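Asks: Here it is: the structure, laid out below.
There are 2 protein chains.
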Amino acid sequence: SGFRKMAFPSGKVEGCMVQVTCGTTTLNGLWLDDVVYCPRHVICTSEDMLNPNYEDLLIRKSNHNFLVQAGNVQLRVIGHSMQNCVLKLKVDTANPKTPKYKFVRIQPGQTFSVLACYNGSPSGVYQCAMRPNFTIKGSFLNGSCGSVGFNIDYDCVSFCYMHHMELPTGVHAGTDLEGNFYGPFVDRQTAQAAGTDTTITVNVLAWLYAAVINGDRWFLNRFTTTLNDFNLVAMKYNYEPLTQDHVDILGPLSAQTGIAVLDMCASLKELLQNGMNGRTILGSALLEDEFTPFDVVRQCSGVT
Amino acid sequence: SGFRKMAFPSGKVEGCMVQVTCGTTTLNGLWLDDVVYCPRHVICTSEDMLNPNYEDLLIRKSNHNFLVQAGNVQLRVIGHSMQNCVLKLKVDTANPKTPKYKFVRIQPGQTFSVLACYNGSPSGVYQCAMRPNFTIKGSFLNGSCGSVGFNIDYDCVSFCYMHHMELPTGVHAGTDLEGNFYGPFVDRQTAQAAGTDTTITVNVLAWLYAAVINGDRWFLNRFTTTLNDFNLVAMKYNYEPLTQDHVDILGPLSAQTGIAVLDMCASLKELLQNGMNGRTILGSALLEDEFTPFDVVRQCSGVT
Ligand SMILES: *[C@]1(O)C(=O)N(CC(=O)O)c2ccc(CC)cc21
Ligand SMILES: *[C@]1(O)C(=O)N(CC(=O)O)c2ccc(CC)cc21
């Protein structure tokens, strides 16, 4: 019993974190096999950040200008290339602690763990979600760029995010491990605003199922709804539209609890219209949307 | 910018988790040097749990009745002893991945990370706090016993908790690594009720300082208070009494923000009396009390 915001064990990713320094800029790198992946803005000064031409700035850099340190030992850089917004630094040593891994580009609403690092050293791990506007709400200070987001399936780490930026509003932006930003963001110190940060409806429903499984049932109402009626209310409350794909994904949670997906939708609709009335659900006074249906199944079943 | 519920990187603790089986019961163990620590109720059947006499049950057990597996390899048990509510299993091999470590008994209000495990395998990591009634609100399923709580200071892991029990209300109880339970709980399947779960006042204030540092300032009021006036309101709201020791501990956060501790107390007093009014602080609709002042300093400064 009990339901917590839980991150994946971070050991497999801690064994991959390195420090990358180019001139006077230092950030984090991800060492997998004989390649170190890092934000391409490691080559920039704070002045260059205002309007960088990365291809031009990279002409002035050779292999020996990238200092990669793993623990307290220096790695030899034998090649470098820019792929989208990441630099790939070929090193002469394969990372002995390289886990089984994949690079995945996640969809909005998907959750992942972030191992926040500074100078190639892990400081903490937390769980977050790719917002529908393609930002994440992380906890990142100067030097955190290059910190990665990931999911784990038994022994394989699927890297899905690398941190690159903080928008002027304090929210965060980054890329997949191929260097492609999530959303319309660019690695430039220019005013970039995020779109509407809607609530991830399918995740709120999954978390309502977790609440029922853990005994918080006060919010269960005597109503049902349809996808179209529910979505009219969801639109009004800045909730993402619910599709039949989302209903399908909640099927195992509906089966475990005996609560039809549309009945849970009607309970959510009443919570939106009436509010919490000073009550809590799983120790929260707001509806939590950073647990996917897969997260709820995993946590409630004890997947290791 | 941004403030998250963050756990310590778990790698150092993942390298210590083992599976301990005695007869038909399997739980987790913590392998440090040549000793494996685990809940003494690994020797019990579900029937024994109702009214166990551990000393008597242990007479029927020899070294070879404790099966310890680290990864997919069996460890040889060459000694066993009961210390309070934990068993210490001496093994013939020192754990090669033993980090620098200490065993600490924490005070209520102190936070720590839990690496939830099943069959000696890590499933997730989350941050929690020792409640003032000496329970924790974790996420633990059957077989999670033996999972540990810890804090890290650079390279030294201070183990503070081992999971032993779930109370009939869904809250959790356990011991320090010397086997002494936090609070009045016993390792027996008998109705045990928790006392008042008060709010950790000093932690709420630390989190209000984190909110100010991250730009959420709407709640800052034009008032001040005294410790005695504040405590009269805190008692009414089931908040822990604030002492001058707590004020001292908030000193660095008071200095960083320029907000006197007693002014923050008056802002908290107004939040308690007026409520949030549908507003949020750091994405929360309730006042968060599972960040200590040390956690706020660490996260806001980037300690690795
Ligand atoms: C990136 O290098 C970094 O560490 N940060 C700080 C952060 O808080 O995220 C940051 C902020 C902005 C930019 C512009 C692309 C880069 C970085
Ligand atoms: C302990 O062996 C365990 O794993 N659990 C399950 C839990 O959800 O915490 C448990 C519950 C009760 C007791 C009685 C002491 C032991 C354990």
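Taken in order, these protein sequences are the chains called A and B. So the first sequence is numbered by UniProt numbering: it starts at 3264 and just counts up by one. So the second sequence is numbered by UniProt numbering: it starts at 3264 and just counts up by one. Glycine included, C-beta positions come from ideal geometry on N, C-alpha and C.
Is the shortest distance between the beta-carbon of residue 3256/A and the beta-carbons of chain B less than 8 Å?
Replies: Absent from the model: residue 3256/A. The displayed extent of chain A is 3264 to 3567, so no value can be given.
Asks: Ligand 2 and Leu3404/B: does the residue's C-beta get closer than 7 Å to at least one heavy atom of that ligand?
Replies: Correct: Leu3404/B has its Cβ closer than 7 Å to ligand 2.
Asks: What is the rounded straight-line gap between the Cα of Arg3267/A and the Cα of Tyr3389/B?
Replies: For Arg3267/A and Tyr3389/B, the distance between alpha carbons rounds to 7 Å.
Asks: So, using beta-carbon positions, are residue 3262/B and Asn3328/B closer together than 8 Å?
Replies: Chain B is shown from 3264 up to 3567; residue 3262/B falls before or after that span and cannot be answered.
Asks: Check whether the region 3492-3509 of chain B and the region 3493-3511 of chain A are in contact - that is, three or more C-beta pairs closer than 8 Å.
Replies: No, the region 3492-3509 of chain B is not in contact with the region 3493-3511 of chain A.
Asks: Using a cut-off of 8 Å between C-beta atoms, extract the partners of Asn3477/B located in chain A.
Replies: What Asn3477/B touches in chain A: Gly3433.
Asks: Since I believe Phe3422/A is in contact with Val3434/A (beta carbons under 8 Å), could you give me their beta-carbon distance rounded to a whole number of angstroms?
Replies: Actually they do not touch by this definition, with Cβ atoms about 21 Å apart.
Asks: Rounded to whole angstroms, what's the CA-CA distance from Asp3511/A to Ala3518/A? Just pull it up for me.
Replies: Roughly 11 Å between the two C-alpha positions.
Asks: Please state whether the Cβ-Cβ distance between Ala3436/B and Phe3403/B is less than 8 Å.
Replies: Against a cut-off of 8 Å, the Cβ pair of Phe3403/B and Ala3436/B comes out as no contact.
Asks: Considering only their Cβ atoms, is the gap separating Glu3551/A from residue 3230/A smaller than 8 Å?
Replies: Nothing can be reported for residue 3230/A: it is not among the residues displayed for chain A, which extend from 3264 to 3567.
Asks: Using a cut-off of 9 Å between C-beta atoms, extract the partners of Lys3400/A located in chain B.
Replies: Simply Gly3265, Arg3267 and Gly3546.
Asks: Under 8 Å between beta-carbons, which chain A residues line up against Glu3551/B? List them in chain order, please.
Replies: Simply none; closest approach about 10 Å.
Asks: Go ahead and label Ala3529/A buried or exposed: buried means 16 or more other beta carbons lie within 10 angstroms of its beta carbon, across all protein chains shown.
Replies: Buried.
Asks: Are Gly3409/B and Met3425/B closer than 8 Å when you measure CB to CB?
Replies: Yes, they are a contact pair.
Asks: At what residues does the alpha helix (DSSP H) containing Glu3429/A begin and finish?
Replies: No alpha helix (DSSP H) contains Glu3429/A, which is instead part of the beta strand (DSSP E) from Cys3419 to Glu3429.
Asks: I want to verify the contact list: residues of chain A whose CB lies under 7 Å from the CB of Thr3284/B, in sequence order.
Replies: What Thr3284/B touches in chain A: nothing, since even the nearest Cβ is about 16 Å away.
Asks: Taking 8 Å as the CB-CB cut-off, is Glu3441/B touching chain A?
Replies: No, because no Cβ of chain A sits closer than 8 Å to the Cβ of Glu3441/B.
Asks: From which residue to which residue does the alpha helix (DSSP H) around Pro3515/B run?
Replies: Counting along the chain, the alpha helix (DSSP H) containing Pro3515/B begins and ends at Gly3514 to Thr3520.
Asks: Per the DSSP calculation, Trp3294/A is bridged to which residue(s)?
Replies: According to DSSP, which records beta bridges pairwise, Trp3294/A is partnered with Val3299/A.
Asks: Beta carbon of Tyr3445/B, beta carbon of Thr3438/B: below 8 Å?
Replies: Cβ distance < 8 Å, so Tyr3445/B and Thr3438/B count as in contact.
Asks: Beta carbon of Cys3408/B: closer than 7 Å to some heavy atom of ligand 2?
Replies: Checking the Cβ of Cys3408/B against ligand 2 gives yes.
Asks: Flag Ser3264/B as yes when its Cβ comes closer than 7 Å to any non-hydrogen atom of ligand 1, and as no otherwise.
Replies: The answer is yes for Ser3264/B.
Asks: Taking its Cβ as the centre, do 16 or more other Cβ atoms sit within 10 Å of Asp3558/B, making it buried, or is it exposed?
Replies: Flag for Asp3558/B reads buried.
Asks: Using DSSP's beta-bridge definition, name the partner residues of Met3345/B.
Replies: Per DSSP, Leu3350/B.
Asks: Cβ closer than 7 Å: which chain B residues qualify as neighbours of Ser3386/A?
Replies: Those are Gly3565, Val3566 and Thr3567, listed as they occur along chain B.
Asks: If I measure Cβ to Cβ from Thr3288/B and keep anything under 8 Å in the same chain, skipping five residues before and after, which residues do I get?
Replies: For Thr3288/B, where only same-chain residues beyond five positions count, the Cβ hits under 8 Å are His3304, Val3305, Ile3306, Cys3307 and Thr3308.
Asks: Taking beta-carbon pairs under 9 Å, can you tell me which members of the region 3361-3382 of chain B lie near chain A?
Replies: Within the region 3361-3382 of chain B, the residues whose Cβ lies closer than 9 Å to some Cβ of chain A are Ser3376, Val3377, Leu3378, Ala3379, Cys3380, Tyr3381 and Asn3382, listed in chain order.
Asks: Unbroken alpha helix (DSSP H) runs of length 4 or more, entirely within the region 3472-3512 of chain B: which are they?
Replies: Listed in chain order, they are 3490-3499 and 3507-3512.
Asks: Establish whether the CB of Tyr3389/A and some CB of chain B are separated by less than 8 Å.
Replies: By this cut-off, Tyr3389/A is an interface position.
Asks: So for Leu3525/B, helix, strand or coil by DSSP?
Replies: If DSSP states are grouped into helix, strand and coil, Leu3525/B belongs with the helices.
Asks: Would you mind telling me which residues of chain A sit closer than 8 Å to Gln3536/B, beta carbon to beta carbon, in chain order?
Replies: Those within 8 Å of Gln3536/B in chain A number zero; the least Cβ separation is about 14 Å.
Asks: Taking one C-beta from the region 3520-3536 of chain A and one from the region 3482-3489 of chain A each time, how about it: are there three or more such pairs within less than 8 Å?
Replies: Because the criterion of three Cβ pairs below 8 Å is met, the region 3520-3536 of chain A and the region 3482-3489 of chain A touch.
Asks: Tell me whether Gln3282/B counts as near ligand 2, meaning its Cβ is closer than 7 Å to at least one heavy atom of that ligand.
Replies: Every heavy atom of ligand 2 is 7 Å or more from the Cβ of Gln3282/B, so no.
Asks: Note down the Cα distance separating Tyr3417/A from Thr3567/A, rounded to an integer number of angstroms.
Replies: In a straight line, the C-alpha of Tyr3417/A is about 6 Å away from that of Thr3567/A.
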